[PDB]
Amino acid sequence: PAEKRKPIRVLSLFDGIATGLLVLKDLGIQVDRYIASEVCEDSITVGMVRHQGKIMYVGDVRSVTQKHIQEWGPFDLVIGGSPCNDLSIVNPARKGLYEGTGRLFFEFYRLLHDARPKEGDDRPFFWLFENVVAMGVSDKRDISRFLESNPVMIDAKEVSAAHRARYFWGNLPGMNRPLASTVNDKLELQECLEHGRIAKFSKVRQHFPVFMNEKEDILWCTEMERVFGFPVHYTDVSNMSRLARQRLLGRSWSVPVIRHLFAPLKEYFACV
């Protein structure tokens, strides 16, 4: 007899550039399976190449069914970050939580429900869902009422050279505990630029963010990867445009924060 710690089986919805898996591997947690629902070919490719296939790419969220869930084996971790667009107080055209991409949220909800252990099964089950802090009070509420919980605002400002305040709903252990800097964690925007360039601000959020050898310029992509905490040249795949690439990193997860968030998983699953 012996109840050994086993590898983690995860389900990432709106996976993006697989920050989830990236960080999971970072913490040294063995991953049995990483099933991602992504529809953007660009991000899909990134994940495909950076994690050498390991990611089983399902398709559009709303093409995943309860039948698929239990068939896709039981899941230990469910993470996701539905598109912020129609929830952003800044985007006037926003169609709120019920229309546009706003709806996509319930897709996460629906699937969360189809995966969480049914009453009786005490199996360990963790889940996490992110979204922009700057959203309508009603939406924040409804989301809270759907996921049956309140979020946890947390800004990557405290652990990275950028200002990313995002809401976090979930049952991961110690989500409220204060964050911590690491010996390795570029917090100064200067500590992100490449050689020969000087930073104006201490943290990005106020136009072109850096000056260079007598010229005023925009942030480079290597640097932006470095600003969210991605390895350098991490998004150097495909022949996508600077604009594309940007859009990638642009709307991703601050690696430092998911490390912070995931960190306490190390004690519940097999380790590499």
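Heads up: residue numbers just count along the shown sequence, starting at 1.
Peer 1: In terms of residues present in the deposited sequence but not modelled, what lies between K67 and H68: none, 1 to 3, 4 to 9, or 10 or more?
Peer 2: Going from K67 to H68, the model skips no residues of the deposited sequence.
Peer 1: Between 212-220 and 225-233, which has the higher average C-alpha B-factor in the PDB entry?
Peer 2: It is 212-220 that shows the higher mean C-alpha B-factor.
Peer 1: Please work out which of 114-122 and 101-109 has the higher mean CA B-factor as recorded in the PDB entry.
Peer 2: Between 114-122 and 101-109, it is 114-122.
Peer 1: If you check the C-alpha B-factor for each of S202, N85, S160, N171 in the entry, which is highest?
Peer 2: Comparing C-alpha B-factors across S202, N85, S160, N171, the maximum falls on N85.
Peer 1: When you compare the CA B-factors of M153, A93, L189, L77 as listed in the entry, which one comes out on top?
Peer 2: Among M153, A93, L189, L77, the PDB entry lists the largest C-alpha B-factor for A93.
Peer 1: Would you check the entry's CA temperature factor for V31 and let me know if it's in the chain's lowest, middle or highest third?
Peer 2: As the PDB entry reports it, the C-alpha B-factor of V31 lands in the highest third of its chain.
Peer 1: How does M175 rank on Cα B-factor within its chain, lowest, middle or highest third?
Peer 2: Its C-alpha B-factor, which the entry lists for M175, ranks in the lowest third among residues of this chain.
Peer 1: Based on the deposited C-alpha B factors for this chain, I'd like to know if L128 is in the lowest, middle or highest third.
Peer 2: As the PDB entry reports it, the C-alpha B-factor of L128 lands in the lowest third of its chain.
Peer 1: What third of the chain does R245 rank in for C-alpha temperature factor, lowest, middle or highest?
Peer 2: According to the entry, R245 has a C-alpha B-factor in the chain's lowest third.
Peer 1: By the recorded C-alpha temperature factor, relative to the other modelled residues in its chain, which third is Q206 in?
Peer 2: Highest third, going by the recorded CA B-factors of the chain.
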